[PDB]
């Protein structure tokens, strides 16, 4: 019997356990556990360092993804690329960090086209840029309140080979930018995105990182316009696949986990 779980703060509303435990059950690992652990960035090394032998790995959500990357002694190329880690996996002599949020975005969208818009400069925005690139997006516009963080974002886009640019939230380029874009990935609070819903509504595809509560005003706006709408639950589903494979050494049982998600 092995142990995994999810670290973050707050953590009470994580739907990670539902996904992972459904996977372990489908895989015949009926005796494995997965627990929610209240844990801020400073406490991450306390918790992970205290893990007994039977811990195979842990998921890490806000606010500890930067601490997780630094705590690990090995990091995947992609974890380095986005600058944070949502996944710690025990190895012979320590921990390996990875970032599966990239899979979260690429897998949730399933397929992307040419032009994308990313709302927000932090959180899962870097993963969204890399995932969009993975899908064959040639062009990305970063709409964000923090011009400095957004500068680092365009740089990453530039580095993964995507024509990438910045646009201020109230500069007046939002209509233009929405017009050229096929896909919108929003990583900002629903409360913040809400006021721009009218302008963003015409995007053909929305990926909203938010999942609770649902629908966000943005999702409702896009939905009413007939755009394809994908919630953060779909993101959660797809980032979890690679975590299950790394924790168990077995293919993610996607159907079982998709069923578990429908229950959510």
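Positions refer to the first chain, counted from 1.
Asker: Taking only the CA atoms, which stretch has the higher mean B-factor in the record, 180-188 or 96-104?
Answerer: On average, C-alpha B-factors are higher across 180-188.
Asker: According to the deposited model, is the average Cα temperature factor higher in 134-142 or in 169-177?
Answerer: Per the PDB entry, the higher value belongs to 169-177.
Asker: Which one, 7, 4, 263, 257, has the peak C-alpha temperature factor per the PDB entry?
Answerer: The C-alpha B-factor peaks, among 7, 4, 263, 257, at 263.
Asker: Of the choices 76, 87, 124, 147, which one's C-alpha carries the largest B-factor in the record?
Answerer: The listed residue with the largest C-alpha B-factor is 147.
Asker: Mind checking which third residue 224 falls in for C-alpha B-factor across the chain?
Answerer: Middle third.
Asker: Based on the deposited C-alpha B factors for this chain, I'd like to know if residue 199 is in the lowest, middle or highest third.
Answerer: It falls in the top third of the chain.
Asker: Taking only the Cα B-factors deposited for this chain, tell me whether residue 208 sits in the lowest, middle or highest third.
Answerer: Ranked within chain, residue 208 CA B lands in the lowest tercile.
Asker: Classify residue 15 as lowest, middle or highest third according to the C-alpha B-factor given in the PDB entry, relative to its own chain.
Answerer: Its C-alpha B-factor belongs to the middle third of this chain's values.
Asker: By its CA B factor, does residue 112 count among the lowest, middle or highest third of the modelled residues in the chain?
Answerer: Top third by C-alpha B-factor.
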